[PDB]
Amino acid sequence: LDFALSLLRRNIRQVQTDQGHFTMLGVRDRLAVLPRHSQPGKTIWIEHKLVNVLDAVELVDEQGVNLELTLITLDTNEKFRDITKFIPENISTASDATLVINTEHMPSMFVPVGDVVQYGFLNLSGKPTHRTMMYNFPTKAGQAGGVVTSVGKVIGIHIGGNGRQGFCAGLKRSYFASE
């Protein structure tokens, strides 16, 4: 649908780190976000272009537990369209969510994941994570960083899956407030 397509065009970029291929969401200005396990370095390949990462901060919850979200500042020639207003104030569930994926290997894809329900605790590959949500869809490898959306709202970042189920880190507006 319209919102999704626009989001892909204006905000979602194919990326590559030493950990592999990832989908990346640009939020505003030169601020972007990745799944923590992508482990961005001093630099990253964005659309086949070697870009400098200026800042990299990993998000943890009130008790210091991993949220699986890394916020990076980019050395870039342009600014991302500002979508903070499409991100809810509170981590929000959803009904018929589209998972937007875009890596060099899985380009410009819209995956129908169904209902997104509140999960919470998640053992992601041996690393404890909080503030996760879940969808019943056979999610596969290479989809991490994928953007979960529904009716104009950007609500989560795909971080992993167990074969029958997919999991995303929830998105709150507060994660992205100015600098």
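Don't overthink the numbering: it's just position in the shown sequence, from 1.
Averaged over CA atoms, B-factors in the entry run higher in 47-55 than in the other of 34-42 and 47-55. Mean CA temperature factor is higher for 71-79 when stretches 71-79 and 89-97 are set side by side in the entry. Based on the entry's C-alpha B-factors, the most elevated value among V151, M134, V147, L122 belongs to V151. In the PDB entry, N11 places in the middle third of its chain by CA B-factor.
Sorting the modelled residues of the chain by their CA temperature factor places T129 in the middle third.
In this PDB entry, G163 carries a Cα temperature factor that places it within the highest third of its chain's modelled residues. When the modelled residues of the chain are ordered by C-alpha B-factor, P138 sits in the highest third.
The PDB entry assigns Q118 a C-alpha temperature factor belonging to the highest third of its chain's modelled residues.
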